[PDB]
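Residue numbers (the authors' numbering), protein chains in the order written: chain A, 1 to 52, 52A, 53 to 82, 82A to 82C, 83 to 100, 100A to 100F, 101 to 114; chain Z, 128 to 140, 149 to 183; chain F, 321A, 322 to 368; chain Y, 2 to 9, 11 to 27, 27A to 27B, 28 to 95, 95A to 95B, 96 to 107.
I have placed the structure first, in the form of structure tokens, so that the comments after it can refer back to it.
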Amino acid sequence: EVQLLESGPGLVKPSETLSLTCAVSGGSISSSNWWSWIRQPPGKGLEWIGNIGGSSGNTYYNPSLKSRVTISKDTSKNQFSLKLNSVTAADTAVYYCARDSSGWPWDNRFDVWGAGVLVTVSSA
Amino acid sequence: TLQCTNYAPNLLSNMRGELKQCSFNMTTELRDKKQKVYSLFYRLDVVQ
Amino acid sequence: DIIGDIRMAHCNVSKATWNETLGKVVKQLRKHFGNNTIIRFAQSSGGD
Amino acid sequence: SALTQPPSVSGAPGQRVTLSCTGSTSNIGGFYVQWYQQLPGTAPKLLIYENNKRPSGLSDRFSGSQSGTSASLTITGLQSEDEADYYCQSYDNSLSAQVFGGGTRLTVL
Ligand SMILES: *[C@@H]1O[C@H](CO)[C@@H](O[C@@H]2O[C@H](CO)[C@@H](O[C@@H]3O[C@H](CO)[C@@H](O)[C@H](O)[C@@H]3O)[C@H](O)[C@H]2NC(C)=O)[C@H](O)[C@H]1NC(C)=O
Ligand SMILES: *[C@@H]1O[C@H](CO)[C@@H](O)[C@H](O)[C@H]1NC(C)=O
Ligand SMILES: *[C@@H]1O[C@H](CO)[C@@H](O)[C@H](O)[C@H]1NC(C)=O
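Shown next, in the form of structure tokens:
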């Protein structure tokens, strides 16, 4: 698809306000269901983050990350970014952003096609 | 109208035809906007 | 949405006491159809 | 979590390998899942039509699987140029858990 989704980094290593962005060019915000986020420690499999809304109003989140990570969107030009607070763990991990391209991802899921490229921070 | 499917296949028990999941549109608090919200129903509830 | 597994609603009754009481009620109602006749119990017919 | 073949499988151009995720009744009873991953150094992304079928438009003319209370993939046919690695995805009935633990590493002669 038409896609230029890109991120803006931040080094929040001995500190607790992580906030990074991403924004696409192709389509629009309400051209799919939402956009998703996944996290991966360098050697581990994957850690999934619950999701936003977008062309919707309902949010989703993740157990073991409850009352902990806050998600939003900005709707100026394809911004859907995050303000996660109070980072404490040694989860110095990589990220990626994702499209849905889906049917009903709405109990759980029809498949996550998320292209992404390299959404990388190594923030100790 | 309801866009809707059987919910959770590969559950090959006696519980198979039960519990379709469905999807629709709904008016918002304010009049012009639209909203999408999603639910479960039983197979005796809703007819195609 | 459903937390847990998927099951269905089912309803237990005591077998022997049920047989005892229904044998009692048919032994009663044989007064109204002759002491010698054969009686049969069947399921529901249909309808809605 | 999911039990998803730790990477001791032995890849080669003889194509004798299998992929088998062990799942609970709440795991496998959720839906069909996946086989759609790719090489590291990049977001490992392939696509499947969520099971056992041909993906969107074309990704490959080479896959095919089943699902009992299980997540099979026995993959057989010479595609050693696509020496890639794979993962899982699922929805188990932890609280609302789009969750998995997948990972593969296979080889070549
Ligand atoms: C609930 O109502 C909203 C508000 O209209 C619906 O959003 C829009 O719905 C229409 C038709 O349902 C979509 O239009 C179709 O899109 C495809 C995409 O190529 C096009 O080929 C069709 O000819 C038609 O244009 C539209 O994409 C969608 N979104 C927007 C921003 O307009 C929503 O679909 C409704 N929900 C239902 C019916 O479940
Ligand atoms: C009916 O009750 C009698 C006990 O008086 C017993 O012999 C018989 O097995 C019972 N039958 C059923 C179907 O419960
Ligand atoms: C019918 O059976 C009942 C059962 O006890 C008995 O008391 C009655 O005398 C019988 N009557 C006839 C007419 O057979």
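Ideal placement from N, C-alpha and C gives every residue a C-beta, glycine not left out.
In the DSSP assignment, F/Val346 falls outside any beta strand (DSSP E) and within the unbroken alpha helix (DSSP H) covering 335-349. At the C-beta level, Y/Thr74 and Y/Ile28 stay beyond 8 Å of one another. Inter-residue distance for Z/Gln170 and A/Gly56 is about 8 Å (C-alpha atoms, whole angstroms). Rounded to the nearest angstrom, the gap between the Cα atoms of A/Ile52 and Y/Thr42 is 24 Å. DSSP lists no bridge partner for F/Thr357. A/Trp35 is outside the set of residues whose beta carbon lies under 8 Å from a beta carbon in chain Y. Within the segment 149-167 of chain Z, contact with chain F at the beta-carbon level (separation under 8 Å) is assigned to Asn149, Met150, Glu153, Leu154. In this structure, ligand 1 has no non-hydrogen atom nearer than 7 Å to the beta-carbon of F/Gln363.
Listed along the chain, the chain Y residues whose CB falls inside 7 Å of the CB of A/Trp103 are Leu47. Taking every protein chain shown into account, the CB of F/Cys331 has fewer than 16 other CB atoms within 10 angstroms, so this residue is exposed. When DSSP states are grouped into helix, strand and coil, Y/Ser27A belongs to the helix group. Two segments are said to touch when three or more pairs of C-beta atoms, one from each, lie closer than 8 Å; by this definition the segment 35-49 of chain A touches the segment 57-70 of chain A. The shortest C-alpha to C-alpha distance from Y/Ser72 to any of Y/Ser63, Y/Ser80, Y/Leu78, Y/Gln79 is the one to Y/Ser63. Sorting Z/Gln156, Z/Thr163, Z/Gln183 by C-alpha distance to the C-alpha of Z/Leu175 places Z/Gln156 at the top.
For Y/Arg54, the closest alpha carbon among the candidates Y/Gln38, Y/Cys88, Y/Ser9, Y/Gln34 is that of Y/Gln34. Y/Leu73 is bridged by DSSP to Y/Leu21.
Nearest CB-CB separation between Z/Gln183 and chain A: not below the 8 Å threshold.
Short note on Z/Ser158: C-beta closer than 7 Å to some heavy atom of ligand 1.
DSSP, read as helix, strand or coil, puts A/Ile38 in strand. In the three-state reduction of the DSSP assignment, A/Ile29 falls in the helix class, which pools H, G and I. Between A/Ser36 and A/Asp100C a beta carbon distance of about 15 Å is seen, past the 8 Å cut, so the two are scored as non-contacting.
Taking the C-beta atoms as reference points, A/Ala23 is found nearer than 8 Å to A/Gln78.
Taken from the Cβ of A/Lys72, every heavy atom of ligand 1 lies 7 Å or farther away.
One finds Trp48, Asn100D, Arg100E in chain A with Cβ atoms closer than 7 Å to the Cβ of Y/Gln96, taken in chain order.
At a cut-off of 8 Å between beta carbons, Z/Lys171 contacts chain A. When 8 Å is used as the limit between beta carbons, A/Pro62 is near these residues of chain Y: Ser94, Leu95, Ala95B, in chain order. Here Z/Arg166 is exposed, its C-beta having fewer than 16 other C-beta atoms within 10 Å. For A/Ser30, the Cβ falls inside the 7 Å cut-off from some heavy atom of ligand 1. The C-beta distance from Z/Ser158 to Z/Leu179 rounds to 19 Å, too long to meet the 8 Å contact threshold.
Relative to ligand 2, the nearest heavy atom lies less than 7 Å away from the CB of F/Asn339. With a 10 Å radius around the Cβ and a threshold of 16 neighbouring Cβ atoms, A/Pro100A comes out buried.
For A/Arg95, the uninterrupted beta strand (DSSP E) segment begins and ends at 90-95.
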